[PDB]
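Read the figures in this text as sums done on the coordinates, not as results from a lab. Cβ sites come from the backbone with ideal geometry, for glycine too, and all protein chains shown count toward neighbours.
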Ligand SMILES: COCCOCCOCCOc1ccc(C(C)(C)CC(C)(C)C)cc1
């Protein structure tokens, strides 16, 4: 009830992160993926229109 | 001894002028033995030998409050304690600038007078609490 | 000695004095102990500084400039020079640009005779 | 498995220390600050007094048994003991001693509050 | 050893860049704080008849929970961090006060990720004012229109009160329900005027004159004063955010400095040690070459 912290144990939630991947570049990647998904959706509409 | 940090420089001169193989931080490598010969002579003798004594308060110069120097650790590896004075507290008006956390006496509890022993236990508890209560707030 | 009076001894950077003695020790074949300074750093510096002392017959004060290499105080030449110093007249372009002259920054400066055992109590 | 999980938790705590020392604990996600509080409890629990260091720690030395050490770390790993404060784990042996220390500290803190109430009323 | 010194140098440059960036944040927040401090001279006057209308004696919780059916707690959080303990203390107060009948409509992005992980089902949504345009009476109207989705029996608007630049404490507005407020107004207008709590004001003539006021106007009175309360809460939390951010940024700069001095000491230590190591290597290879020289006479005929 407090928090569903992730971990290696089944009652805990998924830990999809990877220690090898760096955290410094994460915000740039988040912004890039958001912008790319928006552009792809707009292209879907533009192709139909 | 004011101070053993300069004795080691003199021995470093003597060795390097003789082209002996140097070691860490330019020292030959036998400077540990050099200070150990001297410090081991300081002892509390047995009643068989007169029950005499020879105390030693050596002095050592750190650099920017760094106990991880070579001579410093070499002497701490010999001595029965440590009195760490801090430039921060000295400039901050606290004089003597003893940092109680970085200082210790491994043996003096047996020699401490009981009247001082009780007061020291009380003040030790008090300062172990004070060091935590001062930092945990961080001006909160 | 002879005239019986105080003297100032102004010294352009002692860093260059140490550097010259280091070059001499290197050319003589003596192993550089540390970063490149001579093994006889403390001895060669003390043979000069210990002559700079007060006497019954007079006194020699010495004002010495010090270039700190890479602004590191732990370098052996500064580390040995500072051990002999008694005062520090630090200077700053900040106060100078503020019109103050002499451009001394008293807070970061310091001295050793600041003790009532040496000077009068009111001064301290 | 308990040891490997403890080691993994401390690894994450080491990576988070780089941020905690700069920004602060408040700038971490709720999961991360829970992980921090738990790893701090683990590290504090790892300390125990020894009979030899009685001069220094000022405490009687404990002999934590192997079987009792695993259940304690596992309970601290599964979130089975999170209401206990962090300082209760410092310089103790076994979770029973931890609960005793927590009771002592809670009693002392309460007693300080009633003492302050009495002083303020008399003030 | 080259990798170590290169690593420490990179960390030094990273801490320096991080320092000037945080300094830039401090300058921006300082500009906003110097704007918002103009409110400090002028506040503390608009809510006084609102107090007189809505305030009641300190009611203990456990009776309010049994009396009520669906309370409401509105925490006013921030849009961006580096504030301090404001958001965390708000969450701590609500998980201290957590009870089966609550509902949380918050104000800020940081109430979105935190509360939902602590309060699963009670947390509903939030409200966001991108602070390009200063808050308004109609922003508080928006917040009232969001609160009124519930048939709530009591609304505890939590916020941060700016007592000083080093003092940003918690504060609450316990708003009643309209029907309950009207009934209490009548029941307290009938009887004589007697305060039941120190620091509380008598308002019996007001609770009669409001009876002289028609129904729609009394509903407007309630909504108007609740809107002013919400607005004062938003303004006080804005100022408290901009004031505590400076404290939670100067301490960051102090920590960054300390990390930078450690990085500088380690960098210069590694530099000097590497110089000594290269020197002792060269002298060792040279010394070995000198050792490889024989002392024999190597006599030869000279005639
Ligand atoms: C209590 O009496 C003390 C008397 O001390 C006299 C000698 O003073 C020693 C001066 O020590 C320093 C230490 C650091 C520095 C800094 C780092 C500030 C010098 C700098 C800015 C050139 C790198 C300067 C002088």
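Residues B:91, E:300, E:40, E:103 in ascending order of nearby Cβ atoms (within 10 Å, fewest first): E:300, B:91, E:40, E:103. The simple spin-label model puts a point 7 Å past each Cα toward its Cβ; for residue E:145 and residue C:97 those points are separated by 5.4 nm. Summary of the geometry: region E:29-65 and region D:46-85, compared by the centres of their Cα atoms, lie 48 Å apart.
Applying 1/(1 + (r/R0)^6) with r as the Cβ-Cβ distance of residue C:119 and residue E:277 and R0 = 51 angstrom yields a FRET efficiency of 0.60. Its alpha carbons considered, region E:86-192 gives a radius of gyration followed by a Dmax of 16.1, 49 Å.
Counting only alpha carbon atoms, the long axis of helix E:178-190 and the longest principal axis of chain E meet at about 50°.
Using just the Cα positions, wrap chain D in a convex hull and report its mean projected area in square nanometres, one decimal place.
On the way: hull surface 42.4 nm².
Average projection, Cα convex hull of chain D: 10.6 nm².
Going from the residue with the fewest nearby Cβ atoms within 10 Å to the one with the most, B:57, A:16, B:63 rank A:16, B:57, B:63. For the residues of B:60-66, the average number of beta carbons from a partner chain within 10 Å of their own beta carbon is 4.
Which whole-number percent is the relative contact order of chain D (Cα, under 8 Å, 6+ apart)? Spell out each step's value before the answer.
On the way: 86 pairs, mean separation 30.7, N = 123.
Dividing the mean separation by the residue count of chain D yields 25 percent.
Extent of chain B along its three principal axes (Cα atoms, max minus min coordinate, largest first): 58, 50, 21 Å.
Each principal axis of chain E carries a Cα extent, and these read 144, 41, 35 Å when sorted largest first. Residues of region C:28-55 with the amide nitrogen closer than 12 Å to a label point 7 Å from the Cα of residue B:61, along Cα-to-Cβ, please. Those under the cut-off are C:41-43, C:45-46.
Paramagnetic label reach from residue C:51 (point 7 Å along Cα→Cβ; backbone nitrogen cut-off under 19 Å): within region C:1-36, residues C:1-25. Counting, for every residue in B:76-88, the Cβ atoms of other protein chains within 10 Å of its Cβ and taking the mean gives 0.
For the protein assembly as shown, report the translational diffusion coefficient in µm²/s to the nearest whole number, using Stokes-Einstein at 37 °C, 0.692 mPa s, and a Kirkwood Rh over Cα pairs.
My calculation gives 98 µm²/s for D.
For residue E:170 and residue E:290, a Förster radius of 60 Å and the Cβ-Cβ distance give a FRET efficiency of 0.15, rounded to the nearest 0.05.
Kindly provide the helix-only [θ] at 222 nm of chain D, computed as the sum of -39,500 (n - 2.57) over DSSP H runs of four or more divided by all residues, to the nearest 500 deg cm²/dmol? List each step's numbers first, then the result.
Numbers: 5 runs with 80 residues, N = 123.
Helices in chain D give a 222 nm mean residue ellipticity of -21500 deg cm²/dmol.
Averaged over the residues of peptide E:106-117, the number of Cβ atoms from other protein chains lying within 10 Å of each residue's Cβ is 1. With a Förster radius of 35 Å applied to the C-beta separation of residue D:46 and residue E:32, the computed FRET efficiency comes to 0.15. Under the simplified labelling scheme, the residue D:114-residue E:228 pair shows an inter-label distance of 4.6 nm, with each label point 7 Å from Cα along Cα→Cβ.
Rounded to the nearest 10 degrees, the inclination of helix B:4-17 to the longest alpha-carbon principal axis of chain B is 20 degrees. In this label model, residue B:1 and residue C:73 are separated by 2.6 nm, measuring between points 7 Å along each Cα→Cβ vector. Per residue, the convex hull spanned by the Cα atoms of chain C measures out at 160 cubic angstrom. In chain B, the longest principal axis of the Cα atoms and the axis of helix B:114-137 are about 80 degrees apart. Mean separation of Cα pairs under 8 Å and 6 or more residues apart, divided by the residue count, gives chain C a relative contact order of 24 percent. Highest GNM mean-square fluctuation among E:36, E:58, E:287, for chain E modelled with Cα contacts below 10 Å: E:287.
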